[PDB]
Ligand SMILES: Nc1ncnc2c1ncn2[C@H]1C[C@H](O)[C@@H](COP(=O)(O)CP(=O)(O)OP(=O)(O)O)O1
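One chain comes next, on its own, written as structure tokens: the form solved without this ligand.
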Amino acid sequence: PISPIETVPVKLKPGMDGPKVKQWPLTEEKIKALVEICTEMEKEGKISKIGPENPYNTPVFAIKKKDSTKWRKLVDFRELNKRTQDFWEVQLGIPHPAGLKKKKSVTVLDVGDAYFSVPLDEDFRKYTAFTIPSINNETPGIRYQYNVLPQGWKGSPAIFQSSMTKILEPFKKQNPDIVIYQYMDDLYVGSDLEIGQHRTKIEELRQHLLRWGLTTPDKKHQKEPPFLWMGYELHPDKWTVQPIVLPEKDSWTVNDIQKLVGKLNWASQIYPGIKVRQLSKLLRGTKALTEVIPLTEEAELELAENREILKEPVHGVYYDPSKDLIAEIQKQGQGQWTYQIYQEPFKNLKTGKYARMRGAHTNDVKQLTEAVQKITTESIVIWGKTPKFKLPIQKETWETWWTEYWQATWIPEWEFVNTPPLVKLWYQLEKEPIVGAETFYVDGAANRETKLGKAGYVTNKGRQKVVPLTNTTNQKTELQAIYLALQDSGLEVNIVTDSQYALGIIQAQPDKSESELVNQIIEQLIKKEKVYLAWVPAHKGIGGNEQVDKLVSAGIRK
């Protein structure tokens, strides 16, 4: 029925006008299909006849499926929607199962003919006029306009939710122990009453809605838990992701790898361990959709391993405000981190991962702090507060690093949890030129056009080396130089460079890079007792720039 609800005043974008789209006459097969429907809708108030004074029109269609015994009126509003004002975005935020609080009893209620029960703003009705096409030429023109929320208009979900929320208050004002969640046309009612005293309330609510014209066909609220909503499987005391069936193909198209990674990410919010490192690398293409991106060998062990974890289903629990929130993080591989949030010993609230592809060079600690940050934001959205962290890092390691890092940082309450691998700084640079230690004046340089370069050094003791390199850049050579010095020096060395690039990468104390050169260099530093790096202005002739920068003339010059 039509509710005595107040109508929300609607309006067209500034300087626009009602649609005037053209509708192709249709098979007289479906012109009778419509008339039957519209006659029943008109009887019920939903629509009304007016076409003389109504200069607008929206196309109307008709579709019937054997998966039914009747027809279906369908109207294409996409032109009216183009000229209808904006509304307060319905809801760009869905709850997350792990943040729902333990309830004793839940009951979803379907509220079907939602929209046709809510009136539409008198002044806007005229812009909804559709026209039913006559048999042949016997066209007097039968046209109707809506008096309620149209099934595909832009403001229907918003105006419906708003109206439903006002209908509910005089009812939740009298029934304080009942909590209600709105979603599309579903009402989920929750409470802490004995299932007996609960079904009585659900009935009162049904009668309340019934007085407002809204029907809850659900007699007794006959909906079935587990509830399946937004890809979730929700039980009365546990939730989980809906079944994840990873296909088994012989050849994978770039599109098949996506849906694959898609599911693997979705499942990661509760299955500990899922890995996406290699199945994700593959998609490094410029123009591809069917490009038979050939599955690699490492990407092959990954897909198998996730299939193994997906083996036995896992469940997570709901939230209890009286307990604490805790999140633990452990290092998975290189660049990958996993974590779980819980209130108790072994029943996770939710799971998750964090990977870092920020260019390529980052520090194990910098990554941990980032992981802590990503979790913190999530907790704030889901539970309204921050968890206590359990982290595989010693208060000393951490403090040494933040105290010396150029960026300001923060991390809530956290405790150490000894669990390998353990986060730590594999090497520290000295802050003062070492005395007695040899001094290497390092230099490198490549020819951009030819890709031929050289790396070298000259020490104070007269030691010299120059090695020719092919297929290189001014940055590989600049690091090759530092690498040669580290290779020919004793356990304590003083190195001088002109390169701000190389000084930065190393000062950042990286550990397991996506470059074997930097890994070769890292492996050296760790082996050294004391290393001290220093930087001086590139092309402004210094000792290093005059001696170490002239031996590079055994190729290209100027």
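So that there is no doubt, residue numbering starts at 1 and follows the sequence shown.
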199-207 versus 377-385 - which carries the larger mean C-alpha B factor in the record: 199-207
Stretch exceeding the other in mean C-alpha B-factor - 428-436, 478-486: 428-436
Selection by C-alpha B-factor (highest) of 179, 106, 254, 234: 254
C-alpha B-factor winner, where the candidates are 502, 531, 521, 50: 50
Relative C-alpha B-factor of residue 60, binned into the chain's lowest, middle or highest third: highest
Cα B factor band for residue 506 (lowest, middle or highest third within the chain): middle
Ranked C-alpha temperature factor of residue 293 among modelled chain residues, by third: highest
Record-listed C-alpha B factor of residue 46: chain third: lowest
Chain-wide C-alpha B factor ranking for residue 27, given as lowest, middle or highest third: highest
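Same protein, other form: the form deposited with this ligand bound, not shown, and the subject of what follows.
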Residue 74: touches this ligand in the deposited bound form, heavy atom cutoff 4.5 angstroms: yes
Touches this ligand in the deposited bound form: residue 63 (any heavy atom, 4.5 Å): yes
Close approach of residue 43 to this ligand in the deposited bound form, 4.5 Å, heavy atom: no
In the deposited bound form, residue 273 touching this ligand (heavy atom, 4.5 Å): no
In the deposited bound form, the one of 438, 300, 110, 370 near this ligand [non-hydrogen atom within 4.5 angstroms]: 110
The unique member of 139, 151, 253, 296 whose heavy atoms fall within 4.5 Å of this ligand in the deposited bound form: 151
Neighbours of this ligand in the deposited bound form among 209-228 [non-hydrogen atom within 4.5 angstroms]: 220
